[PDB]
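Below is one structure, written out as structure tokens, with a few remarks after it.
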There are 2 protein chains.
Amino acid sequence: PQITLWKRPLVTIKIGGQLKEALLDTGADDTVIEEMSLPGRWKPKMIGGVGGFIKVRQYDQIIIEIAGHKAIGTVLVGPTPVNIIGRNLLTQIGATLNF
Amino acid sequence: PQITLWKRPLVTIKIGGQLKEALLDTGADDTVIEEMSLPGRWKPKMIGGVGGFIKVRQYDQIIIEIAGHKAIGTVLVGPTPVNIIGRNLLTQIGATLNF
Ligand SMILES: CC(C)CN(C[C@@H](O)[C@H](Cc1ccccc1)NC(=O)O[C@H]1CO[C@H]2OCC[C@H]21)S(=O)(=O)c1ccc(N)cc1
Ligand SMILES: [Cl-]
Ligand SMILES: [Cl-]
Ligand code: NA
């Protein structure tokens with residue numbers, strides 16, 4: 001698809017068998033999702049945005065469908081205000097910015 | 001141009017007579033620049049992201065040149081850790097996400 005930016009670029013994702021809404025975010029290095037259960041071990045990480053930093057849980061090699069495209073990669077879990085698909089998984093689905 | 005997302009999508013902008021580097025950020029509703037002077041009226045605003053909220057000055061009808069493309073709109077000025085070009089100006093340069 002070609003997604004314009006007049007509204008938020010929200011898509012459906014599927015993770016752990018559950019559908020969620022997430023933002024395609026070229027300003028995010030990292031995918032970060034709201035609190036949920038994921039399999040395996042996690043590692044600590046801090047991520048910093050406009051209001052400061054938060055602690056998140058880093059899960060690696062997580063299966064996640066994004067707008068119907070399959071990705072397998074790192075998902076951060078923590079008190080983000082919105083689910084965000086960052087560049088680590090945008091590259092897996094072949095996304096580019098065009099103007 | 002077509003900008004891949006292996007690295008942060010940074011571009012050169014011109015704003016208020018000044019050249020700056022800024023992030024093309026589809027996850028940002030609004031454009032937010034580090035502290036600088038801009039002419040004209042402003043009003044205070046709070047914007048929230050990961051980490052919480054910051055207080056900014058909202059300047060309307062500001063012209064910015066973004067990687068060679070002129071646009072006008074609202075620019076928020078405050079203690080953002082990174083200069084961010086948000087959707088309000090991305091739309092004006094015809095930026096899309098494609099995959
Ligand atoms: C500020 C950026 C350099 C980094 N952010 C991504 C950014 O796109 C967020 C993503 C985002 C979106 C909604 C809520 C929180 C964060 N947008 C944002 O802060 O935009 C603000 C300006 O316009 C407003 O519209 C959205 C909030 C305001 S971030 O959310 O802090 C973040 C940082 C690191 C990772 N790995 C993932 C996300
Ligand atoms: Cl605007
Ligand atoms: Cl358009
Ligand atoms: Na103005």
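Identifiers in the structure tokens: chain A, B, ... in order shown; residue index from 1 per chain; ligand index from 1 in order shown.
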
Which chains and residue numbers are within 10 Å of ligand 3, counting only C-alpha atoms and all ligand atoms, if I want them as a ChimeraX atom specification? /A:3-6 /B:91-96

I need the chosen residues saved as an mmCIF file, in the first residue's frame, with N, CA and C atoms.
data_model
loop_
_atom_site.group_PDB
_atom_site.id
_atom_site.type_symbol
_atom_site.label_atom_id
_atom_site.label_comp_id
_atom_site.auth_asym_id
_atom_site.auth_seq_id
_atom_site.Cartn_x
_atom_site.Cartn_y
_atom_site.Cartn_z
ATOM 1 N N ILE A 3 0.517 4.734 1.982
ATOM 2 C CA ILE A 3 -0.224 5.334 3.078
ATOM 3 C C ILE A 3 0.139 6.822 3.169
ATOM 4 N N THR A 4 -0.899 7.654 3.024
ATOM 5 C CA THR A 4 -0.735 9.064 3.252
ATOM 6 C C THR A 4 -0.820 9.391 4.727
ATOM 7 N N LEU A 5 -0.562 10.606 5.108
ATOM 8 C CA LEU A 5 -0.322 10.967 6.511
ATOM 9 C C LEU A 5 -1.293 11.987 7.065
ATOM 10 N N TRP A 6 -2.440 12.151 6.395
ATOM 11 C CA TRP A 6 -3.435 13.085 6.837
ATOM 12 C C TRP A 6 -4.084 12.619 8.149
ATOM 13 N N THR B 91 2.592 15.822 5.319
ATOM 14 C CA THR B 91 1.526 15.787 4.310
ATOM 15 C C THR B 91 1.791 16.835 3.225
ATOM 16 N N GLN B 92 2.293 17.994 3.613
ATOM 17 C CA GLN B 92 2.447 19.109 2.698
ATOM 18 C C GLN B 92 3.530 18.866 1.683
ATOM 19 N N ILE B 93 4.527 18.028 2.028
ATOM 20 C CA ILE B 93 5.590 17.713 1.022
ATOM 21 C C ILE B 93 5.248 16.436 0.259
ATOM 22 N N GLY B 94 4.043 15.892 0.504
ATOM 23 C CA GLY B 94 3.531 14.714 -0.201
ATOM 24 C C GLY B 94 4.202 13.425 0.242
ATOM 25 N N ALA B 95 4.625 13.331 1.472
ATOM 26 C CA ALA B 95 5.264 12.121 1.973
ATOM 27 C C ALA B 95 4.275 11.004 2.231
ATOM 28 N N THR B 96 4.658 9.805 1.805
ATOM 29 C CA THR B 96 3.869 8.601 2.024
ATOM 30 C C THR B 96 4.785 7.482 2.519
#

Chain A contacts on chain B, only C-alpha atoms, 9 Å, as a PyMOL selection string: chain B and resi 1-9+23-29+47-54+79-82+84+87-88+90-91+93-99

Out of region 7-55 of chain A, which residues get strand (DSSP E or B) from DSSP, as JSON, numbers by chain? {"A": [10, 11, 12, 13, 14, 15, 18, 19, 20, 21, 22, 23, 24, 32, 33, 43, 44, 45, 46, 47, 48, 49, 52, 53, 54, 55]}

Write the selection just made, keeping N, CA, C and O atoms, as a CSV table (one decimal), in the first residue's frame?
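Result file part_21.csv:
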chain,number,residue,atom,x,y,z
A,10,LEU,N,-2.3,4.1,11.3
A,10,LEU,CA,-2.6,2.9,12.2
A,10,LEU,C,-2.9,1.7,11.3
A,10,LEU,O,-3.6,1.8,10.3
A,11,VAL,N,-2.4,0.6,11.7
A,11,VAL,CA,-2.6,-0.7,11.1
A,11,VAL,C,-3.0,-1.7,12.1
A,11,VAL,O,-2.8,-1.5,13.3
A,12,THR,N,-3.5,-2.8,11.7
A,12,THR,CA,-3.7,-4.0,12.5
A,12,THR,C,-2.5,-4.8,12.5
A,12,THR,O,-1.9,-5.1,11.5
A,13,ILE,N,-2.1,-5.2,13.8
A,13,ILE,CA,-1.0,-6.2,14.0
A,13,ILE,C,-1.6,-7.4,14.6
A,13,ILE,O,-2.7,-7.4,15.3
A,14,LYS,N,-0.9,-8.5,14.5
A,14,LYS,CA,-1.3,-9.8,15.2
A,14,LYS,C,-0.1,-10.3,16.0
A,14,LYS,O,1.0,-10.5,15.3
A,15,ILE,N,-0.2,-10.5,17.3
A,15,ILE,CA,0.9,-10.9,18.1
A,15,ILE,C,0.2,-11.8,19.2
A,15,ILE,O,-0.8,-11.5,19.7
A,18,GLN,N,-3.5,-12.4,18.9
A,18,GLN,CA,-4.4,-11.3,19.2
A,18,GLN,C,-4.2,-10.2,18.3
A,18,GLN,O,-3.0,-9.9,18.0
A,19,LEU,N,-5.3,-9.6,17.9
A,19,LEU,CA,-5.3,-8.4,17.0
A,19,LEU,C,-5.2,-7.2,17.9
A,19,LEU,O,-5.9,-7.0,18.9
A,20,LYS,N,-4.3,-6.3,17.5
A,20,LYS,CA,-4.1,-5.0,18.1
A,20,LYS,C,-4.0,-3.9,17.0
A,20,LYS,O,-3.6,-4.2,15.9
A,21,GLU,N,-4.1,-2.7,17.4
A,21,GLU,CA,-3.9,-1.5,16.5
A,21,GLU,C,-2.5,-0.9,16.8
A,21,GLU,O,-2.1,-0.9,18.0
A,22,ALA,N,-1.7,-0.6,15.8
A,22,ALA,CA,-0.4,0.0,16.1
A,22,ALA,C,-0.1,1.1,15.1
A,22,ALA,O,-0.6,1.0,13.9
A,23,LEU,N,0.8,2.0,15.4
A,23,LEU,CA,1.2,3.1,14.6
A,23,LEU,C,2.5,2.8,13.8
A,23,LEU,O,3.5,2.4,14.5
A,24,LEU,N,2.5,3.0,12.5
A,24,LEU,CA,3.7,2.9,11.8
A,24,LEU,C,4.5,4.1,12.0
A,24,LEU,O,4.1,5.2,11.6
A,32,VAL,N,7.6,-0.9,20.1
A,32,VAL,CA,7.2,-0.9,21.5
A,32,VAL,C,5.7,-1.1,21.7
A,32,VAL,O,4.9,-0.3,21.0
A,33,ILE,N,5.2,-2.0,22.4
A,33,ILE,CA,3.8,-2.3,22.6
A,33,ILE,C,3.4,-2.2,24.1
A,33,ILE,O,4.3,-2.4,25.0
A,43,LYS,N,15.2,-9.0,28.3
A,43,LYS,CA,16.3,-8.2,28.8
A,43,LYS,C,15.9,-6.8,29.0
A,43,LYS,O,14.9,-6.3,28.5
A,44,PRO,N,16.7,-6.1,29.9
A,44,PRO,CA,16.3,-4.7,30.2
A,44,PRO,C,16.7,-3.7,29.0
A,44,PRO,O,17.7,-3.9,28.3
A,45,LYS,N,15.9,-2.7,28.9
A,45,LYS,CA,16.2,-1.6,28.0
A,45,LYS,C,15.5,-0.4,28.5
A,45,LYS,O,14.4,-0.4,29.0
A,46,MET,N,16.1,0.8,28.1
A,46,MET,CA,15.5,2.1,28.3
A,46,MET,C,15.3,2.7,26.9
A,46,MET,O,16.2,2.6,26.1
A,47,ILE,N,14.1,3.4,26.8
A,47,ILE,CA,13.9,4.1,25.5
A,47,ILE,C,13.4,5.5,25.9
A,47,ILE,O,12.8,5.7,27.0
A,48,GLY,N,13.8,6.5,25.1
A,48,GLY,CA,13.7,7.9,25.4
A,48,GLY,C,12.9,8.6,24.3
A,48,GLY,O,13.2,8.4,23.1
A,49,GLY,N,11.9,9.3,24.7
A,49,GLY,CA,11.1,10.0,23.8
A,49,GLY,C,10.9,11.4,24.2
A,49,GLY,O,11.7,12.0,25.1
A,52,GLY,N,11.0,12.1,28.1
A,52,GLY,CA,12.0,11.4,28.9
A,52,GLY,C,12.0,10.0,28.6
A,52,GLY,O,11.5,9.5,27.5
A,53,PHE,N,12.5,9.2,29.5
A,53,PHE,CA,12.8,7.8,29.3
A,53,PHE,C,11.8,6.9,30.1
A,53,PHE,O,11.2,7.3,31.1
A,54,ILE,N,11.6,5.7,29.5
A,54,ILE,CA,10.9,4.7,30.3
A,54,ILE,C,11.7,3.4,30.2
A,54,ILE,O,12.5,3.2,29.3
A,55,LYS,N,11.5,2.5,31.2
A,55,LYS,CA,12.0,1.1,31.2
A,55,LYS,C,11.0,0.2,30.5
A,55,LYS,O,9.8,0.4,30.7

How would you write, as a PyMOL selection string, the set of residues in chain A that DSSP gives as helix (DSSP H, G or I)? chain A and resi 87-90

Show me which residues are within 7 Å of ligand 4 counting only C-alpha atoms and all ligand atoms, and format the list as a PDB file with N, CA and C atoms, in the first residue's frame.
ATOM      1  N   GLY B  40       6.516  36.304  15.627  1.00  0.00           N
ATOM      2  CA  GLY B  40       5.076  36.246  15.680  1.00  0.00           C
ATOM      3  C   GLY B  40       4.578  35.763  17.015  1.00  0.00           C
ATOM      4  N   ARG B  41       3.263  35.559  17.065  1.00  0.00           N
ATOM      5  CA  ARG B  41       2.487  35.168  18.216  1.00  0.00           C
ATOM      6  C   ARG B  41       2.750  33.705  18.502  1.00  0.00           C
ATOM      7  N   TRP B  42       2.625  33.358  19.784  1.00  0.00           N
ATOM      8  CA  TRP B  42       2.621  31.944  20.202  1.00  0.00           C
ATOM      9  C   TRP B  42       1.688  31.740  21.386  1.00  0.00           C
ATOM     10  N   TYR B  59       3.696  27.976  17.597  1.00  0.00           N
ATOM     11  CA  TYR B  59       3.739  29.043  16.603  1.00  0.00           C
ATOM     12  C   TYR B  59       2.981  28.590  15.367  1.00  0.00           C
ATOM     13  N   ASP B  60       2.043  29.363  14.875  1.00  0.00           N
ATOM     14  CA  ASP B  60       1.274  28.970  13.693  1.00  0.00           C
ATOM     15  C   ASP B  60       1.833  29.670  12.453  1.00  0.00           C
ATOM     16  N   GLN B  61       1.531  29.127  11.293  1.00  0.00           N
ATOM     17  CA  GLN B  61       1.884  29.734  10.023  1.00  0.00           C
ATOM     18  C   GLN B  61       3.378  29.980   9.917  1.00  0.00           C
ATOM     19  N   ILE B  62       4.190  28.974  10.182  1.00  0.00           N
ATOM     20  CA  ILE B  62       5.636  29.044  10.026  1.00  0.00           C
ATOM     21  C   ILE B  62       6.063  28.289   8.788  1.00  0.00           C
TER      22      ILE B  62
END

Which of these, B:71, B:64, B:77, B:36, has the shortest distance to ligand 1 once you count only C-alpha atoms and all ligand atoms? B:77

Would you mind reading off the distance between atom 33 (C, counted along the ligand's line) of ligand 1 and CA of residue 70 (chain B), one decimal, in Å?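 Atom 33 (C, counted along the ligand's line) of ligand 1 sits 27.3 Å away from CA of residue 70 (chain B).
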
Measuring atom to atom with only C-alpha atoms and all ligand atoms, identify which of B:83, B:63, B:72, B:30 is nearest to ligand 1.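 Among the listed residues, the smallest separation from ligand 1 belongs to B:30.
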
Go ahead and compute the interatomic distance for atom 5 (N, counted along the ligand's line) of ligand 1 and CA of residue 17 (chain A), in Å to one decimal.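 Separating atom 5 (N, counted along the ligand's line) of ligand 1 from CA of residue 17 (chain A) is a distance of 26.3 Å.
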